[PDB]
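Presented below is the structure to which this report refers.
FYI the Cβ positions are ideal-geometry reconstructions off the backbone, even for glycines, and counts take in every protein chain you see. Nothing in this text is a laboratory measurement; each read-out follows from the coordinates by a stated rule.
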Amino acid sequence: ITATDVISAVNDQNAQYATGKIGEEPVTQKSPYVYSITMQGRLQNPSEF
Amino acid sequence: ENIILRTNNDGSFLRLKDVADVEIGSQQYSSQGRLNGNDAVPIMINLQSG
């Protein structure tokens, strides 16, 4: 493994965030409820690195 | 709508207009205004400090 491999892996395995919602468009069906979905691809402790 | 995604074997293309719809502005269906029980767009005018 070269250092650039470690650079490249630490770079795009400790990413950022995605967010969305279910029930944004008023069309599909009459769900009384609206939630918010989130992906977290960010590390938060030394053990995930 | 004529952005091309895949160029085909035949010589034709796969443009964006037939995997997706392209809509100008419109939107904010995440909100709605009313005026005395009637649909309306409320514009809010606001004063600069000083």
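Structure summary
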item: Rel. contact order, % - alpha carbon contacts under 8 angstrom, at least six apart, chain B; result: 21
item: Under 5 Å, built H, 5+ apart or other chain: amide partners of A:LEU43; result: A:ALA15
item: Size of electric dipole in the protein assembly as shown: Cβ of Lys, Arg +1 and of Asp, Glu -1, about Cα centre, debye, nearest 20; result: 280
item: Amide H within-cut-off set for B:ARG15, under 5 Å, with H built and near neighbours excluded; result: B:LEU5
item: Computed FRET value (nearest 0.05) for A:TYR17 with B:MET44, which takes r as the C-beta separation and R₀ as 30 Å; result: 0.45
item: Trypsin sites (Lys or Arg not before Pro) lying in DSSP loop within chain A, provided at most 14 other Cβ fall within 10 Å; result: A:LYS30, A:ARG42
item: Chain B: trypsin sites (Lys or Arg not before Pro) in DSSP loop, at most 10 other beta carbons within 10 Å; result: none
item: Rounded to 10°, Cα long-axis angle of helix A:3-13 versus longest principal axis of chain A; result: 10
